[PDB]
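Everything below concerns the one structure shown next.
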Amino acid sequence: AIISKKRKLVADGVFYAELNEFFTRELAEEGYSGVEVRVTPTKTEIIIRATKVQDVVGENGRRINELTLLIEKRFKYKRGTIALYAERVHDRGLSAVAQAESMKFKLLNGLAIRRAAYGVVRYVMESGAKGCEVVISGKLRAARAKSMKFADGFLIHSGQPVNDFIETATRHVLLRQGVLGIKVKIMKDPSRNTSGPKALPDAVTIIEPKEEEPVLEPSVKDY
Amino acid sequence: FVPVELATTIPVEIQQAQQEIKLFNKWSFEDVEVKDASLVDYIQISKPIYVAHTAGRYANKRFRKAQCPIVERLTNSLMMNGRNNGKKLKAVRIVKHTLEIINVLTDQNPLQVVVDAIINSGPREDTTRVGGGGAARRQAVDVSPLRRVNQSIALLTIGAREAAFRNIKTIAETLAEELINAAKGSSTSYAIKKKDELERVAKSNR
Amino acid sequence: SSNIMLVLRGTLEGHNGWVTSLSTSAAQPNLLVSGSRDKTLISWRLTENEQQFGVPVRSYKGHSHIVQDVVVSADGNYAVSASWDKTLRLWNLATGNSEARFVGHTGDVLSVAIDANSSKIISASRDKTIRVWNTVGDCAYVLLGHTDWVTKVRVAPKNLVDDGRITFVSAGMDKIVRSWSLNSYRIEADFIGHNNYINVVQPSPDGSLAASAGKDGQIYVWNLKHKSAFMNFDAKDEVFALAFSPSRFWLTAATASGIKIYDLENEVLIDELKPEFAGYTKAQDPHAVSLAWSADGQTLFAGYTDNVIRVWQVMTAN
Amino acid sequence: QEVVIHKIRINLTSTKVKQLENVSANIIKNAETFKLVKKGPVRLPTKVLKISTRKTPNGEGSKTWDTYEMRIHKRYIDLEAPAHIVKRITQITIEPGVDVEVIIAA
Amino acid sequence: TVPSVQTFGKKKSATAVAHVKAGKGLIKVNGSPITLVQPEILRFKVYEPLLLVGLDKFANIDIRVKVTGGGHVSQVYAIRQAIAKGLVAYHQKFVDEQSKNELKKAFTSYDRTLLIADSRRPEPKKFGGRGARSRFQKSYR
Amino acid sequence: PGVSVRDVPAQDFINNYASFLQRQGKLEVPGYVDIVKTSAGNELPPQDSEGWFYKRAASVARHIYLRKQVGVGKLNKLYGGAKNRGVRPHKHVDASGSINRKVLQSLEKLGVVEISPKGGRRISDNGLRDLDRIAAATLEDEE
Amino acid sequence: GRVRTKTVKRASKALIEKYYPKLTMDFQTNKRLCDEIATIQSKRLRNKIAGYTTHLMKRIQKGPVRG
RNA sequence: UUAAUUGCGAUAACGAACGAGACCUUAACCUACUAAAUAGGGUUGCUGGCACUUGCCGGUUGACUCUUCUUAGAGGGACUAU
Ligand SMILES: [Mg+2]
Ligand SMILES: [Mg+2]
Ligand SMILES: [Mg+2]
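Chains as they are written, first to last, in the authors' numbering: chain D, 3 to 225; chain F, 22 to 227; chain g, 3 to 162, 167 to 189, 192 to 326; chain U, 15 to 120; chain Q, 3 to 143; chain T, 2 to 144; chain R, 2 to 68.
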C-alpha cells in the first residue's frame with residue numbers, strides 16, 4: 003500500500019529475480035529451469051519448472067511446503083497467500099539452462115569433457131533444434147587455460163532475432179584446481195515458435211502459381 | 022496604391038511595403054545588378070527576401086549554398102568566433118546597421134555596394150601546396166566561382182572582426198567601411214589587400 | 003467513322019498524382035468529379051472559356067491512400083469514392099464536407115457503384131469480396147464471388167417495365183466475369201472469355217451491352233439481357249479504361265499506347281489519340297488511366313498518369 | 015436491492031503492451047455485454063525508466079556505457095455502475111504481467 | 003455555426019495552434035496582436051504570410067494563435083507557419099480551390115517552410131563525447 | 002474599438018505605469034531601496050537608484066494581469082538570473098524574495114492585487130481599470 | 002549508398018520469373034502483389050523487393066535482360 | 001561499383017552459412033481511424049474589465065459537444081518514386 007507505480011513495478015521485478023536466484027541455489031540437484039509469478043486476487047501463484055518434479059514435491063508437502071514457508075518468512079506474506087506448483091519442462095533439450103545444469107553434473111561426476119560436450123550436442127540435435135554452440139572455458143589439462151568450442155548446425159549472432167530464437171545459458175563449474183565456465187546456446191526453430199514471429203526476418207519464400215489453359219473462344223454459363 | 026485596414030490595425034509603414042515591391046530590411050531588392058560575367062548564379066540576389074534569417078537546408082546537397090541569399094551568408098560569416106557563435110539575431114542586427122550606414126554614405130543601394138565588394142575581393146588564381154615529394158614549392162591554379170564568392174565573404178567578415186578587436190567602432194560600421202573600400206577597389210581594406218597578395222603569390226609561382 | 007475528327011481543347015491541371023477516375027452525374031451535365039492517387043478529390047465544373055474547359059471547385063481531402071474509383075449520385079449532390087485505405091467516403095458536393103465512412107472491407111477498395119435511385123451502393127475491393135452499402139454507412143449483402151481479386155463493379159441501366171432486380175457485372179483478377187442481380193439477390197450469369205487478367209467491365213447506355221477488357225490486349229464485349237457470348241476486339245496493349253458514349257455505337261478504349269476508338273457491331277477500329285510531351289525515351293509515355301464521356305456525347309475527358317486531365321472535343325470534318 | 019450507480023476508475027499497468035491491449039479489449043467487451051455508462055480506455059504517457067552503467071566491471075578500457083530501459087504502460091478506464099458488477103467484470107479477464115487495479119466509489 | 007478551422011505550425015519543439023474564423027480580420031498571437039511578438043528583428047517573418055499574399059484575404063478571416071514549446075525564434079517560425087496554413091485551409095474549406103492554389107503558389111515561391119513543416123530534429127548525444135558527434139580530447143604522450 | 006494591456010508594447014507600458022506610481026506617491030516604499038541587490042546573484046544594486054522599485058512593482062502588476070495566480074517564489078524565479086560563481090559555470094538563482102513580498106503587500110494596500118483561492122495572488126477590478134487606463138494613455142502617446 | 006542485397010535482388014528475380022504476367026509496371030500494385038504472393042516477414046523488406054521488381058519491369062520494356 | 005566479400009560482372013567452380021544487410025528501439029508524417037473533466041479546445045452559463053452596437057481581452061472543471069494540437073493503440077506511408 004502507498005508506493006509509486008513505477009517503483010512498485012521495479013520492486014516486483016527485483017523480487018522475481020531474487021526468487022529465481024533462490025531456486026537456482028536450492029533446486030540444482032532437481033534441475034531447476036524456470037519460474038513464473040502470477041499476482042492474482044488474494045494469492046500469489048509461483049509456478050516452478052524443474053527436471054525432477056517428484057523430488058521437488060517430496061513426501062507430498064515435505065519440500066514444497068518448506069520452500070513456501072521460507073518464501074513467507076522472506077517477503078512477508080500470510081500463511082495461505084503463496085502457492086507452489088512443480089511442472090515438467092516440456093522438451094529438456096530445448097531448454098539451455100537445463101542442458102547447462104546437466105553438463106555441470108557430468109563434470110562433477112568426472113566425465114571426459116569433450117565427450118560430454120558431444121553428447122550434449124547430440125541431445126540438442128535430437129530435441130530438434132536448428133543449432134547448438136557449447137563453449138567450455140577454463141583450465142582443461144595443464145595450467146595455461148583454454149576455451150574449447152563444440153558446435154553444430156545453424157546459429158545466428160547479430161540482430162534482434164537473437165533474443166527471439168537463440169536461448170543462452172551460463173553456469174560456472176567448481177573443481178578442486180579451479181573454475182570452469184560452461185556457456186550453452188540453442189537456436190530454436192522459427193516455424194515451431196508458438197508466440198512471436200514465425201521466421202527469420204530476411205527469409206522470403208514465394209508461393210507457386212496454378213496451371214492455365216485459358217482461351218478456347220468465349221461461351222457463357224447461364225442459370 | 023490602396024491602403025485597406027483590418028480589425029487588428031497594422032502600422033502604415035508595413036502596409037506601404039507590401040504588394041508592388043518586396044523590400045529587404047526596408048528597401049528594394051530590385052535594381053542591384055551583378056556587374057560581372059561569372060559569379061552570376063553564385064551570387065543570389067534575384068529572389069526578394071525580407072529578413073536575413075531563413076530556416077534553410079543549405080548544407081544538405083552540394084550547391085545548396087549557392088541558392089542562399091548573400092545577406093544570409095554574410096550574417097552567418099559574421100556569426101563566427103566561439104564567444105559570439107550561435108546568436109544569429111545579433112548578426113542580423115549588425116548586418117542591418119551596416120546596411121543603414123551604407124545607405125547614409127554615398128547613397129546607392131547598400132545591397133549593390135555589398136555585391137560589388139563580394140565581386141572585387143574574390144581571388145582569380147590561387148596556389149595549392151603540391152610538392153611532388155614533400156617540398157614546400159607551390160603551383161598556380163584557377164579558382165571556382167563559388168570558391169571565389171565564399172572566400173570573399175569570409176575575408177570581409179574577418180577584417181570586420183579584426184577591426185572590432187578593441188574599438189568604439191561597433192562591428193557594423195567597420196563592416197560598412199570594408200564594403201565601401203571593396204566596391205571602390207581601395208587597397209586600404211584588409212580583404213582586398215589579402216586578395217592582392219594572393220594574386221602576387223600566384224604570379225610568382227607561375 | 004464518317005465525320006467526327008476529335009480535337010484536343012484543354013489540359014486541366016491541379017493534381018499531384020494519377021487521376022484514377024472521373025465521373026459526370028446521371029442528371030446534371032456540368033459536373034466532373036476527379037479522383038486521384040494523391041488522396042484528393044477535385045470537383046470540376048464546365049466553364050467553356052478559352053483553354054480552361056473546367057476549373058477546380060472543391061478538393062475533398064479525407065483519405066489516407068489512393069482514391070481509385072469515384073461515382074456521382076443520380077442528381078449531382080452526392081459523390082462516393084473508393085480508396086486504397088480499405089474504406090469508402092460519401093461526399094456532399096456543394097459543401098466540402100464528408101458524410102459517411104464505410105467500414106467493413108478487409109482490403110483496399112477499388113471500385114464503387116451507386117444505383118439509379120442513389121439508394122443502394124455496391125463496392126469492389128482488393129479483398130476477394132463485393133459489398134452492399136446504403137446512404138448511412140451500413141452493410142447489407144456481402145457477395146462471396148471470386149477466389150481472387152475483384153477489380154471493377156458498375157451497375158447497368160434498365161428500361162424494359168420493372169423486375170425488382172437491378173443488375174451489375176464484377177471484373178476480377180480471377181479470369182471470370184460474373185453478373186449479379188439485387189433487390192434472387194444472387195447470380196445472373198458467368199461470362200467466361202478472358203485469357204489473361206481483366207481490368208475493366210463497363211456497361212453501356214444500352215444496358216444489354218457490357219464490354220470487358222484488361223491486360224490481355226483484347227476487348228471482349230458481352231451481351232447482358234440475353235446472357236450470351238458476343239464480340240471480341242484486339243487492341244494490342246493493356247486496356248486501362250473503357251467508355252461508351254451517348255453519341256453513337258462508339259466504344260472508346262484507353263490502351264497502354266494511347267486511346268483507341270471503335271464502332272461496336274460494324275467493327276471498324278478507327279481513331280487514335282496521342283498528345284505531345286517534353287523529353288522522353290522509349291516505351292514509357294504517360295498513358296490515360298481513366299476516361300469519361302459527358303452525357304451529351306460531346307466531350308472526352310481523359311485522366312493521365314502525368315497528373316493532367318486532357319479534354320477532347322467533337323469536331324466534324326465538313 | 016443493490017443497483018445504485020457509483021463512480022468507478024480502473025487502472026491498468028504493465029511492461030508488455032500486447033497483453034495490456036488484450037486486457038483493455040476484454041474489459042470493453044465486458045462493458046458492452048453489461049451495456050453501461052462508459053468512458054474509453056484513456057492512455058497515459060508511457061514511462062521509460064532509464065539506467066546508465068559503465069559496461070566494464072573493473073574500470074579499465076575504453077569508457078563504454080549501457081542504456082538499460084524499462085517502459086511502463088499505464089492506462090485507465092472510467093465506468094458508471096454498481097460496484098458488484100464492476101467486481102464481477104474484474105474478477106475474470108486477468109492476464110499474468112498486467113496489473114489490474116480498482117479505485118471504486120467517488 | 004461560423005466558418006472556422008484549426009491549423010497548427012511546428013518548428014523544432016515549438017507548436018503554434020491557429021484558429022481561423024469568419025469575421026472582421028483579427029491576427030492575434032497568445033492574446034496579443036500580430037503587431038507585437040517582439041524578437042523585433044524577426045517581426046517580418048510573422049508578417050510574411052500577410053504581405054506575400056496581401057491583406058485582401060485577411061478582411062474576413064480572424065486568426066487566434068496559441069504558441070507553446072521551443073525558444074523564441076522557433077516559436078516565431080511556428081506562428082508564421084500556422085498563419086500560412088490557416089488561410090489556405092480556410093480557402094480549401096469555405097472559399098474556392100483556384101484561390102487556394104494561387105495562395106499556395108504565392109507561398110511556395112517565397113520560402114518552403116510555410117507549408118511543409120521542417121524535417122530537421124536534434125540528433126541524440128552519445129557517450130565518449132560532449133555532443134552528438136564531437137568526442138573528448140584524446141591524448142597520446 | 003477597445004483597449005487592454007495585452008495590446009500594448011510592454012516596456013513602454015511598464016514605464017508609463019512606473020511614472021503613474023511616482024506621480025501618485027502612494028505605494029509604500031519599505032526603505033530597502035538604495036541598499037539591496039534585487040537578485041541575490043548580482044554584482045550591483047539598480048543603476049537608477051531613486052525609484053525603479055516602482056518599475057519593478059509595475060512589472061509585477063503587469064505579470065499578474067497577464068496570468069491567473071502568481072506567488073513570491075514564482076516571482077523570484079522569474080526575476081533571478083545567472084550568478085557568476087567565479088571560475089565555475091553559471092546557474093539560475095532566484096531573486097530576492099523579501100523585496101517581491103514587500104511589492105505584493107504594497108500592491109494589496111493600493112487595491113491593485115488580491116489574495117486568491119488555491120494560493121497566490123490575482124488582480125483587483127480597480128487595479129484592472131487602472132491598468133486599462135494606463136494602456137489607453139500609452140496608446141495615445143504612441144499616436 | 003543505396004545498393005540492394007542478395008535477399009532483395011534474388012527474391013525479386015524469382016518473383017519476376019514466376020509472375021511476369023500479373024506483376025506489372027507501377028509501384029503500389031506491385032507491392033500489393035508481393036504482399037499477396039510472397040511470405041515476406043518485414044514490411045520494409047517487402048517494399049524494397051517490390052521496388053526492385055518495378056525497376057526490373059521498367060528495364061524489361063527496353064529489351065531482354067540477363068539471368 | 002558500394003558504408004559493406006554490397007552488387008554487377010569476369011570465371012573450375014557450383015550452390016550455401018555466419019558477419020554486412022535484414023532486424024529491433026527510437027526520431028520524423030497522419031484534418032484516416034480508436035479516445036479522453038490525470039490532454040487540450042469550441043460554443044454557452046454566471047462573471048471581471050473594456051470600447052460602449054453587434055465587437056475585444058479575461059475568471060470560473062457551471063452546462064453541452066468536439067479531438068486540430070496531446071497522449072498512444074491499430075494501421076498506412078518511401079521503394080531512391082517520376
Ligand atoms: Mg546476419
Ligand atoms: Mg545489423
Ligand atoms: Mg561572464
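For every residue, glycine included, the Cβ atom is placed at its ideal position computed from N, Cα and C.
Checklist line | ligand 3 heavy atom lying under 7 Å from the CB of residue 43 of chain T | finding: Taking the sixth sequence and counting its residues from 1, one reaches residue 43 of chain T at position 42. Remark: the C-beta of residue 43 of chain T is outside contact range of ligand 3, defined as less than 7 Å to any heavy atom.
Checklist line | Enclosing beta strand (DSSP E) for residue 40 of chain D [first to last residue] | finding: Here residue 40 of chain D is taken as the residue at index 38 of the first sequence, counted from 1. Counting along the chain, the beta strand (DSSP E) containing residue 40 of chain D begins and ends at 34-41.
Next item on the list: Under 8 Å between beta-carbons, which chain Q residues line up against residue 39 of chain F? List them in chain order, please.
Entry: If you number the second sequence from 1, residue 39 of chain F lands on position 18. Within 8 Å Cβ-Cβ: 53, 56, 57.
Note to self: Distance check for residue 76 of chain Q and residue 192 of chain D, CA to CA, integer angstroms please.
What the structure shows: Counting from one through the first sequence, the residue named residue 192 of chain D turns up at place 190. Counting from one through the fifth sequence, the residue named residue 76 of chain Q turns up at place 74. When the Cα atoms are used, residue 192 of chain D and residue 76 of chain Q turn out to be separated by approximately 49 Å.
Item checked: For residue 143 of chain F and residue 171 of chain F, the rounded distance between their alpha carbons -> Within the second sequence, the letter at position 150 stands for residue 171 of chain F. Within the second sequence, the letter at position 122 stands for residue 143 of chain F. Looking at the two C-alpha atoms, the distance is approximately 8 Å.
Note to self: Assess contact between the stretch 257-275 of chain g and the stretch 33-43 of chain R, defined as three or more Cβ pairs (one per stretch) separated by less than 8 Å. Is contact present?
What the structure shows: Counting Cβ pairs under 8 Å, fewer than three are found: no touch.
Check: What are the complete beta strand (DSSP E) segments, minimum 3 residues, inside the stretch 63-120 of chain T?
Finding: Unbroken beta strand (DSSP E) stretches of 3 residues or longer found wholly inside the stretch 63-120 of chain T: 114-116, given in chain order.
Check: Between residue 47 of chain D and residue 90 of chain U, what straight-line distance do the alpha-carbon atoms span, to the nearest angstrom?
Finding: Along the first sequence, read from residue 1 onward, the residue named residue 47 of chain D stands at position 45. Along the fourth sequence, read from residue 1 onward, the residue named residue 90 of chain U stands at position 76. For residue 47 of chain D and residue 90 of chain U, the distance between alpha carbons rounds to 25 Å.
Check: residue 244 of chain g to residue 225 of chain g, Cα distance in whole Å?
Finding: Counting from 1 along the third sequence, the entry for residue 244 of chain g is found at position 236. Counting from 1 along the third sequence, the entry for residue 225 of chain g is found at position 217. Pairing residue 244 of chain g with residue 225 of chain g, the inter-Cα distance amounts to about 5 Å.
Check: In whole angstroms, what separates the C-alpha of residue 17 of chain Q from that of residue 93 of chain U?
Finding: The residue you call residue 17 of chain Q lines up with position 15 of the fifth sequence. The residue you call residue 93 of chain U lines up with position 79 of the fourth sequence. Spanning the two alpha carbons is a distance of roughly 34 Å.
Notebook entry, point to check: Hey, how far is the Cα of residue 54 of chain F from the Cα of residue 115 of chain Q?
Noted result: Taking the second sequence and counting its residues from 1, the one referred to as residue 54 of chain F is at position 33. Taking the fifth sequence and counting its residues from 1, the one referred to as residue 115 of chain Q is at position 113. Across the structure, residue 54 of chain F and residue 115 of chain Q are spaced so that their CA atoms are roughly 28 Å apart.
Next item on the list: Determine, using beta carbons only, whether residue 38 of chain R comes closer than 8 Å to chain D.
Entry: Taking the seventh sequence and counting its residues from 1, the one referred to as residue 38 of chain R is at position 37. Any Cβ of chain D closer than 8 Å to the Cβ of residue 38 of chain R would place that residue at the interface, and such an atom is present.
Item checked: For residue 38 of chain U, the first and last residue of its enclosing alpha helix (DSSP H) -> For this step, residue 38 of chain U is matched to residue 24 along the fourth sequence. Looking at the DSSP string, the run of the alpha helix (DSSP H) that includes residue 38 of chain U is 31-48.
Next item on the list: Answer with buried or exposed for residue 76 of chain U, where buried requires no fewer than 16 other C-beta atoms within 10 angstroms of its C-beta.
Entry: Along the fourth sequence, read from residue 1 onward, the residue named residue 76 of chain U stands at position 62. Exposed, because fewer than 16 other Cβ atoms sit within 10 Å of the Cβ of residue 76 of chain U.
Check: Would the beta-carbon of residue 161 of chain D be found less than 7 Å away from any heavy atom of ligand 2?
Finding: For the purposes of this step, residue 161 of chain D is taken as residue 159 along the first sequence, with counting starting at 1. Annotation for residue 161 of chain D indicates a beta carbon within 7 Å of some heavy atom of ligand 2.
Item checked: DSSP bridge partner residues for residue 265 of chain g (one or two, in chain order) -> In the third sequence, counting from the first residue as 1, residue 265 of chain g sits at position 257. Paired residue(s): none; residue 265 of chain g is not in a bridge.
Notebook entry, point to check: Got a sec: which bits of the stretch 60-77 of chain U sit with their beta carbon under 7 Å from any beta carbon on chain Q, in order along the chain?
Noted result: Under the 7 Å Cβ criterion, the stretch 60-77 of chain U contributes 77.
Notebook entry, point to check: When burial is assigned at 16 or more other CB atoms within 10 Å of the CB, is residue 117 of chain U buried or exposed?
Noted result: Here residue 117 of chain U refers to the residue found at position 103 when the fourth sequence is read from its first residue. With fewer than 16 other Cβ atoms within 10 Å, it is exposed.
Next item on the list: Determine the chain g residues that contact residue 221 of chain D at a beta-carbon separation under 8 Å, and present them in chain order.
Entry: Taking the first sequence and counting its residues from 1, the one referred to as residue 221 of chain D is at position 219. What residue 221 of chain D touches in chain g: 200, 201, 237.
Note to self: Taking the alpha carbon of residue 33 of chain D as the reference point, which residue from D:87, D:94, D:79, D:8 has its own alpha carbon closest?
What the structure shows: Walking along the first sequence from the start, residue 33 of chain D turns up at place 31. That would be D:94, whose Cα lies nearest to the Cα of residue 33 of chain D.
Margin query: I want to verify the contact list: residues of chain g whose CB lies under 9 Å from the CB of residue 216 of chain D, in sequence order.
Written below: Numbered from its first residue, the first sequence carries residue 216 of chain D at position 214. Near residue 216 of chain D (Cβ distances below 9 Å), the residues of chain g are 181, 202, 203, 204.
Next item on the list: Find the residues of chain U that neighbour residue 211 of chain D, judging by a C-beta separation of less than 8 Å, and give them in chain order.
Entry: Taking the first sequence and counting its residues from 1, the one referred to as residue 211 of chain D is at position 209. Per Cβ cutoff of 8 Å: no residues; residue 211 of chain D is ~36 Å from chain U at best.
Notebook entry, point to check: For chain U, is any of its Cβ atoms less than 8 Å away from the one on residue 72 of chain Q?
Noted result: Locating residue 72 of chain Q in the fifth sequence gives position 70, where the first residue counts as 1. No, no contact with chain U.
Check: If you draw a straight line from the C-alpha of residue 29 of chain T to the C-alpha of residue 69 of chain Q, how long is it?
Finding: For the purposes of this step, residue 29 of chain T is taken as residue 28 along the sixth sequence, with counting starting at 1. For the purposes of this step, residue 69 of chain Q is taken as residue 67 along the fifth sequence, with counting starting at 1. Residue 29 of chain T and residue 69 of chain Q: Cα-Cα distance of roughly 38 Å.
Next item on the list: Look up residue 163 of chain F in the DSSP assignment and give the residues it is bridged to.
Entry: Within the second sequence, numbered from 1, the residue matching residue 163 of chain F stands at position 142. Looking at the DSSP assignment, residue 163 of chain F forms a beta bridge with F:146.
Checklist line | Other residues of its chain near residue 53 of chain g: CB distance less than 6 Å, five sequence neighbours each side excluded | finding: For the purposes of this step, residue 53 of chain g is taken as the residue at position 51 of the third sequence. Cβ within range, chain order: 12.
Check: Regarding residue 158 of chain D and ligand 1, is the C-beta to nearest heavy atom distance less than 7 Å?
Finding: One-based indexing of the first sequence puts residue 158 of chain D at position 156. For ligand 1, at least one heavy atom lies less than 7 Å from the Cβ of residue 158 of chain D.
Notebook entry, point to check: DSSP on residue 189 of chain g, reduced to helix/strand/coil?
Noted result: The residue you call residue 189 of chain g lines up with position 183 of the third sequence. The answer is coil: DSSP assigns residue 189 of chain g none of H, G, I, E or B.
Next item on the list: Could you tell me whether the Cβ atoms of residue 212 of chain F and residue 165 of chain F are closer together than 8 Å?
Entry: If you number the second sequence from 1, residue 212 of chain F lands on position 191. If you number the second sequence from 1, residue 165 of chain F lands on position 144. No. Outside cutoff.
Item checked: C-alpha distance - residue 93 of chain T paired with residue 73 of chain Q, whole-angstrom precision -> In the sixth sequence, residue 93 of chain T corresponds to position 92, counting from 1. In the fifth sequence, residue 73 of chain Q corresponds to position 71, counting from 1. If I take the Cα positions, the gap works out to 17 Å.
Check: Taking the C-alpha atoms as reference points, what is the distance between residue 106 of chain F and residue 57 of chain Q?
Finding: Start at 1 with the first residue of the second sequence, and residue 106 of chain F comes out as number 85. Start at 1 with the first residue of the fifth sequence, and residue 57 of chain Q comes out as number 55. Near 38 Å, if we compare the C-alpha coordinates of residue 57 of chain Q and residue 106 of chain F.
Next item on the list: For chain g, find out if any of its Cβ atoms is closer than 8 Å to the Cβ of residue 98 of chain Q; answer yes or no.
Entry: If you number the fifth sequence from 1, residue 98 of chain Q lands on position 96. Yes, its Cβ sits closer than 8 Å to a Cβ of chain g.
Check: Which residues, taken in chain order from the stretch 264-291 of chain g, show a beta carbon closer than 7 Å to some beta carbon of chain R?
Finding: Against chain R - using a Cβ distance shorter than 7 Å - the residues of the stretch 264-291 of chain g are 290, 291.
Notebook entry, point to check: Listing by chain order, which chain Q residues have their CB less than 7 Å from the CB of residue 7 of chain T?
Noted result: Indexing the sixth sequence from 1 puts residue 7 of chain T at position 6. Close partners of residue 7 of chain T in chain Q (Cβ separation under 7 Å): 33, 34.
Check: Does the stretch 38-45 of chain F touch the stretch 216-233 of chain g, meaning 3 or more C-beta pairs lie closer than 8 Å?
Finding: Cβ pair count under 8 Å is below three, so no.
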